[PDB]
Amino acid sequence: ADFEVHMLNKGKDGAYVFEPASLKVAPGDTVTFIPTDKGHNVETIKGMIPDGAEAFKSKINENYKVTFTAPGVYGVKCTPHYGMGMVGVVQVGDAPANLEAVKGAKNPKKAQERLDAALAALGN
């Protein structure tokens, strides 16, 4: 199944957001990160991807489709706006096994606030 996450200057959660900021998908599903506003990218956060995955990094303004295969929780960031909390969480599968590793990953304060909230939104 194919899902879409927008990269926005403004959304329901404030400035510089992925919308939705939390998304649960099945293994083998895809997510397209859409440059609805310009100036953003999407890339893997360090320490917030499960074993079996591959890190990725899109270019600014690239409409970027990722197939998520390895079960677990994934943090993603926009590099331009990481410091502003432009992050998202994709959960692949149920009962993610890498929660404690991803909760311990270090992030800018605004990013950590948003990640903690997305994780809790997901019931983690």
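When you see a residue number, it is the position in the sequence shown, counting from 1.
- The deposited model assigns a higher average Cα B-factor to 41-49 than to the other stretch when 41-49 and 25-33 are compared.
- The question of which stretch, 73-81 or 58-66, has the higher mean Cα B factor is settled in favour of 58-66.
- In the PDB entry, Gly11 places in the highest third of its chain by CA B-factor.
- The entry lists a Cα temperature factor for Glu19 that places it in the lowest third of the chain's modelled residues.
- When all modelled residues of the chain are sorted by CA temperature factor, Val92 is found within the middle third.
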